[PDB]
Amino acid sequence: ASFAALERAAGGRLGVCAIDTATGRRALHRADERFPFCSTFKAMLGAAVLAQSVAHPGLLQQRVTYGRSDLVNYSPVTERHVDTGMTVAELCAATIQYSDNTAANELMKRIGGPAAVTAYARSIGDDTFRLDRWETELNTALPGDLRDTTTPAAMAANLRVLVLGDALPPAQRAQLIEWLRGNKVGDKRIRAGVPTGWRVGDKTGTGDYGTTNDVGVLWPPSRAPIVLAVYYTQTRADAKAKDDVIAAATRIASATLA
């Protein structure tokens, strides 16, 4: 019935921040607790790359050459381009739309590592987010570890100002939205919990301890958008990701904000 009820049924710890951008009403659960963000940080990474390209417009064109030993687990796009390289823009699209892990590392090598993503977060008003590690270690999702964590509220605030606000200049804002709307690997999470008429731009995350996340912006066809951040993590190290918990949380959040 409710987020608290969903959590009790699924087990684990569920964090939600949903914001109706027309009224500021929210649907919340553990919204100020830290969670391991896993691949949802790739939305921030893309934003940080886009922001660096504002003073250096050629950044998105730069070609990155990497080798077999640079590939980490789950690299479905980059593993096809070991012999050609990829541009920074192509790496952004791969990491956001397919969650490619090597693409994230290659982008962070270009822009100054975990510290550069964290500094970017601070620059848009997020004093909570911390990126400490690289792919795939940042997905360990250990109970009680603050590395590679944020709160549902901080990530919802970031999405609001990046997608619906003026944190990025308009051209870069449009590109971030295009990338997020093009997510190919999230159909069973937030996208499964909204009507097929609503449009979604989102980034999923998955990690150890059955960590299952999805953050994004929801555009209903005839009402203002809703910003939704959902984080979920479990007690046992070998727990299985639960896509359906994210879809169910999305149904509750959308109904609260109806």
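When you see a residue number, it is the position in the sequence shown, counting from 1.
- Averaged over CA atoms, B-factors in the entry run higher in 76-84 than in the other of 125-133 and 76-84.
- Note on 162-170 vs 99-107: mean CA B-factor is higher in 162-170.
- Sorting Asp208, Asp214, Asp32, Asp70 by the CA temperature factor given in the entry leaves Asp32 at the top.
- Within the group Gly46, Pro195, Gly201, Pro225, the record's highest C-alpha temperature factor is found at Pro195.
- The PDB entry assigns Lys42 a C-alpha temperature factor belonging to the lowest third of its chain's modelled residues.
- In the deposited entry, the Cα temperature factor of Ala27 places it in the highest third of its chain's modelled residues.
- Residue-level temperature factors show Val64 in the highest third of its chain, judged at the C-alpha atom.
- Placement of the Cα temperature factor of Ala51 within the chain: middle third of the modelled residues, per the deposited record.
- In the PDB entry, a CA B factor belonging to the middle third of its chain's modelled residues is recorded for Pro220.
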